[PDB]
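One structure is given below, encoded as structure tokens.
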Amino acid sequence: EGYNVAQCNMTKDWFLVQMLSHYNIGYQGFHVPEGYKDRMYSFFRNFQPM
Amino acid sequence: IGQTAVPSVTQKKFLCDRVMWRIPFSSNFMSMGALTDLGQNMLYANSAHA
Amino acid sequence: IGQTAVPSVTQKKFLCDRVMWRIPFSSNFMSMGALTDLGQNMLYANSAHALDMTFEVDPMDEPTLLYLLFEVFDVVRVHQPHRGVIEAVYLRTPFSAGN
Amino acid sequence: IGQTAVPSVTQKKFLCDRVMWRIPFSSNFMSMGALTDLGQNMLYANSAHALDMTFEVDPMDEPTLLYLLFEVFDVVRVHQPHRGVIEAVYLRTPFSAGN
Amino acid sequence: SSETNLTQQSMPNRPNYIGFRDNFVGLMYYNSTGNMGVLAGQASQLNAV
Amino acid sequence: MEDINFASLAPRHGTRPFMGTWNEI
Amino acid sequence: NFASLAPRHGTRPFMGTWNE
Amino acid sequence: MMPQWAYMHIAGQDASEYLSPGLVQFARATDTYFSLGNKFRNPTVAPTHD
Amino acid sequence: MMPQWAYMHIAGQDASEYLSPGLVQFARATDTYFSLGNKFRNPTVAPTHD
Amino acid sequence: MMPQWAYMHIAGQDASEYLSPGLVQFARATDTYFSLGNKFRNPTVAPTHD
Amino acid sequence: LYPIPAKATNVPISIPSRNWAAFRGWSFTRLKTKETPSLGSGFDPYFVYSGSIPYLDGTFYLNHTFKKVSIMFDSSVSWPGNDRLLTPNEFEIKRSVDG
Amino acid sequence: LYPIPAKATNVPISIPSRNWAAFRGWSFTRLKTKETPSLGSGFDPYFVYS
Amino acid sequence: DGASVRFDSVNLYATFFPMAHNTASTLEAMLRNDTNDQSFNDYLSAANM
Amino acid sequence: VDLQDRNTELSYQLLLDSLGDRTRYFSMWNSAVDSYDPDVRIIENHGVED
Amino acid sequence: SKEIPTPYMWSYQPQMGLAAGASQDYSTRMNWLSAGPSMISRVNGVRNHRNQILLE
């Protein structure tokens, strides 16, 4: 179907879910979260596509 | 690579080390407030859920 | 350097790579507001001016291009009056495209 | 380290290079305001005190200097009453110099 | 020049950068009454410094 | 090369308890 | 994932840096 | 001339002044999860005298 | 049900409202050198309708 | 004693209170392009009792 | 600035009775003598050195050389006194032995 | 305690500035360096006499 | 050097806030009113000679 | 309505620099800003510790 | 000078619990020698105003 994202194995719903649930980002629409809300244990600090 | 490059399979994966995965119990997956909306819709039950 | 150092000429230069040069059309070169004071200066308004410009550049030994941006407002207003209708109105000013 | 490790003495020290040590003249060592509470506490005021200070330091094997700053206000007021006239009044306090 | 001097060993000289101090510290007289600077009204020479 | 910032006066929360996120009429 | 008070103010030295 | 600059938001009122007050309240009430700020132009104008 | 959430500061009033006003003034007056903010729970609650 | 601290701005009024109110308005009106703030001393004073 | 002779472990200082109103406290550090210029003069013949000048540049070091300090008003009023610190009448900066 | 090198005949000593209120006078005597320990050191590795 | 590209498929994804229908209907009715027309301006707003 | 006399690509490149930190790579939009080694553009030839 | 004098500060003796002698506030003086009469009057107005408070 092409339900992957972000040039890796992760999916369009799971990435939308992790972006919303860490940052409120996933509606209107994906971008890099600000460094004060991107803490050390946060998603986008640590997500590594390969 | 080069003129004599071999026919090849493409592999894709991710890593996401220091994180711990999350799924908010909120109707749209957003942190609208720490006591979520769904945690207030589901307050009352006849047979409180399994 | 040292006791046998050779007599020497001093050379000076600078680099400023990712930048794009700017000249604000404002009476004192400050960003006091997006619609500048000179852009409101109704002498150079309605009774319309011609512009001449000249640049001196280091000769390049190959063909190159001057990129010149005239900064203007390039705004659109979008009206959606009925289900499935989009009316978009565009005004670029100055340098407006139309008449 | 390893099975044949030699018995050992433990040494501990610290470095604190670019700093300058401080002791605020405030009753609990906090910066509650630039004019401290003790500097207003009219005992260490009008009925004037003598001060003795002593330091113990590592012996240096060469001649050195203690640098001691007495933190005070060092303020100036500048009045410009007529064209081309500057009257500036200084007060450093305590440790004031000038009649 | 000789057969034994053919064995001399050379070490590079120690690096020694030289330039003006940070913020030009030391280039102007400050806190030195024998050479105090002046900012004064032209006709009314009371020094503001 | 400059934008001129859009938008209203940023969020306010309608504090009956400490911050909800809803009062509109 | 939680947070408390502290986002409240009164730091001016005149008008008051201690009042009852 | 200003009638067109006002209609096109090159000069004149701010978005907090030209939008209907119902929409301004809607925006203020939803701005932490649905953001309407980036869709309305706010003029800024330098002073022409003194 | 809310009687228990209110008493335990899961929902209901903020610390600036449930504490006696005498203590709130004390906190506001000493906050720059003795901090009382980290000792009182402030509820946050998502909206349940609309 | 305070007559000297007041005259020299070691205690007493702030620059927003001792400057003539015309100048306080001039400053507030020009602050984005010509900045007057850093030329007037504002005392800060620790509390002496309690 | 006060001198500290080669191999000197102790540095005593006193200032005679004076006003302390609006005093803010003390700041201190240690400087080498060959690295410090005598600004009391237009020129300094004995300043035979060109490295950083910690008295002017910032660039402090030697802070780790302090062992302790004491403060004493009117010779008997140990400060801060009031049995505030872990046992003393003085600021014990570092310890060679700790029971 | 002040030291006296072997074969010396003179011991000049000084106190830089001091308050002398309730000073009772001077008492003094002479000791060998061998026949007395240092203390404040928890052990004296050079105290070889007994 | 013969580099090349084929597009096998192109698809438009879109994502919707799951808004309460009465709130969405209310917001549409306010955004259709000509007082509330959306407006945008290019960041590098300039003619490009 | 688009014009030959416009440059949307460069406007977007400039916009993102103001909205956030271009030094953070995001794979979804293939956002990873062009750069050069600053020690290669301007050679800082302080020799070698040999 | 003689008519807007600097006050004598009283030194203290904490051993005995008595004054230890006195001498002027040399440690708190505004340096006016590069001001003019327009502001020296204000500096004297402050120094006068201080002495009134000390007498009261």
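Virtual Cβ from ideal backbone geometry, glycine too; neighbours counted across all protein chains shown. Read the figures in this text as sums done on the coordinates, not as results from a lab.
No other residue among A:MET50, A:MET40, A:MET10 is more than 20 Å from G:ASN1 (Cα to Cα), within 8 Å of another protein chain (Cβ to nearest Cβ) and surrounded by fewer than 18 Cβ atoms within 10 Å (Cβ to Cβ) apart from A:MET50. If only residues of region D:67-92 that are among the aromatic types (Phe, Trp, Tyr) and within 14 Å of chain K (Cβ to nearest Cβ) are counted, the one that is farthest from D:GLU56 (Cα to Cα) is D:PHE73. Before we move on, is B:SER31 of a type outside the set (A, V, I, L, M, F, W, C), touching a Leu at 6+ places or on another chain (Cβ under 9 Å) and touching a residue at least 12 places away in the same chain (Cβ under 8 Å)? Spelling it out, it is not the case that B:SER31 is of a type outside the set (A, V, I, L, M, F, W, C), touching a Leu at 6+ places or on another chain (Cβ under 9 Å) and touching a residue at least 12 places away in the same chain (Cβ under 8 Å). Scoring K:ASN82 on the criteria (1) part of a loop (DSSP other than H, G, I, E, B); (2) at the interface with another protein chain (Cβ under 7 Å from one of its Cβ atoms); (3) among the polar types (S, T, N, Q) leaves a single failure, condition (2).
Of the residues in region M:9-18, not one is surrounded by 10 or more Cβ atoms within 10 Å (Cβ to Cβ), outside any loop (DSSP other than H, G, I, E, B) and not basic (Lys, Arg).
Restrict the check to region C:39-47 and report whether at least one residue is within 14 Å of chain M (Cβ to nearest Cβ) and in a loop (DSSP other than H, G, I, E, B). Within region C:39-47, one or more residues are within 14 Å of chain M (Cβ to nearest Cβ) and in a loop (DSSP other than H, G, I, E, B).
Taking into account only those residues within region C:26-41 that are among the hydrophobic types (A, V, I, L, M, F, W, C) and surrounded by fewer than 17 Cβ atoms within 10 Å (Cβ to Cβ), which is farthest from M:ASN41 (Cα to Cα)? For region C:26-41, the residue satisfying everything is C:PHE29.
Restricted to region H:25-45, and to residues that are crowded, with 19+ Cβ neighbours inside 10 Å and among the aliphatic types (A, V, I, L, M), which residue is nearest to A:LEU20 (Cα to Cα)? Among residues in region H:25-45 that are crowded, with 19+ Cβ neighbours inside 10 Å and among the aliphatic types (A, V, I, L, M), the one nearest to A:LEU20 (Cα to Cα) is H:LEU36. Checking each residue in region D:1-38 for being hydrophobic (A, V, I, L, M, F, W, C) and either outside any loop (DSSP other than H, G, I, E, B) or farther than 30 Å from K:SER17 by Cβ (or both) picks out D:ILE1, D:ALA5, D:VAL6, D:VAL9, D:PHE14, D:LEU15, D:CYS16, D:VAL19, D:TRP21, D:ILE23, D:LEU35. Within region A:3-50, the set of residues being closer than 17 Å to H:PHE34 by Cα and hydrophobic (A, V, I, L, M, F, W, C) comprises A:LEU16, A:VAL17, A:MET19, A:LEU20, A:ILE25, A:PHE30. The single condition among (1) within 9 Å of the chain's Cα centre (by Cα); (2) hydroxyl-bearing (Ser, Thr, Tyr); (3) surrounded by fewer than 16 Cβ atoms within 10 Å (Cβ to Cβ) that I:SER16 does not meet is (3). Scoring K:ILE93 on the criteria (1) under 27 Å from O:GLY17 (Cα atoms); (2) outside any strand (DSSP E or B); (3) touching a residue at least 24 places away in the same chain (Cβ under 8 Å) leaves a single failure, condition (1).
Restricting the search to helices (runs of 4 or more DSSP H) fully inside chain H and requiring at least 1 residues that are among the β-branched types (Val, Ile, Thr) and more than 7 Å from every other protein chain (Cβ to nearest Cβ) gives H:21-30. Each residue in region G:1-15 was checked for being within 13 Å of J:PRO47 (Cα to Cα), more than 11 Å from the chain's Cα centre (by Cα) and at the interface with chain I (Cβ under 7 Å from one of its Cβ atoms), and 0 pass.
The C-beta contact set for region M:21-49 (first residue within 14 Å of chain N (Cβ to nearest Cβ) and within 26 Å of F:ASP3 (Cα to Cα), second residue small (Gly, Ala, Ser) and surrounded by fewer than 17 Cβ atoms within 10 Å (Cβ to Cβ), distance under 8 angstrom, 6+ apart or interchain) comprises M:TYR43/N:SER18. The set of residues in region M:21-48 being part of a helix (DSSP H, G or I) and either in contact with a strand residue (DSSP E or B) (Cβ under 9 Å, 6 or more places away or on another chain) or hydroxyl-bearing (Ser, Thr, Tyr) (or both) consists of M:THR23, M:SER25, M:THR26, M:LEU31, M:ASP34, M:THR35. Please find, among N:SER18, N:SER35, N:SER11, the residue that is of a type in the set (S, T, N, Q) and either away from chain M (no Cβ under 14 Å) or loosely packed, with under 10 Cβ neighbours inside 10 Å (or both). Going through N:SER18, N:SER35, N:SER11 in turn, the sole match is N:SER35. Kindly evaluate O:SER11 against the criterion of being within 16 Å of K:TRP20 (Cβ to Cβ) and surrounded by 14 or more Cβ atoms within 10 Å (Cβ to Cβ). The answer is yes for O:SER11. Just so you know, in region A:12-37 the residues that are outside any helix (DSSP H, G or I) and under 16 Å from M:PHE17 (Cα atoms) include one that is farthest from the chain's Cα centre (by Cα), and it is A:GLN28. Taking the residues in region N:21-32 that are small (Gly, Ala, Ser) and assigned to a loop (DSSP other than H, G, I, E, B) as candidates, determine which candidate is farthest from the other protein chains (Cβ to nearest Cβ). Result: N:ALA32. Scanning region C:22-46 for residues being among the aromatic types (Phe, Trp, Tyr) and either within 19 Å of F:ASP3 (Cβ to Cβ) or touching a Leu at 6+ places or on another chain (Cβ under 8 Å) (or both) gives a total of 2. Among the residues of region D:51-71, those identified as buried (at least 20 other Cβ atoms within 10 Å of the Cβ) and either outside any strand (DSSP E or B) or among the β-branched types (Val, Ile, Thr) (or both) are D:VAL57, D:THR64. Restricting region O:27-53 to residues that are facing chain D (nearest Cβ under 8 Å) and surrounded by fewer than 16 Cβ atoms within 10 Å (Cβ to Cβ), the residue that is nearest to D:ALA97 (Cα to Cα) is O:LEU33.
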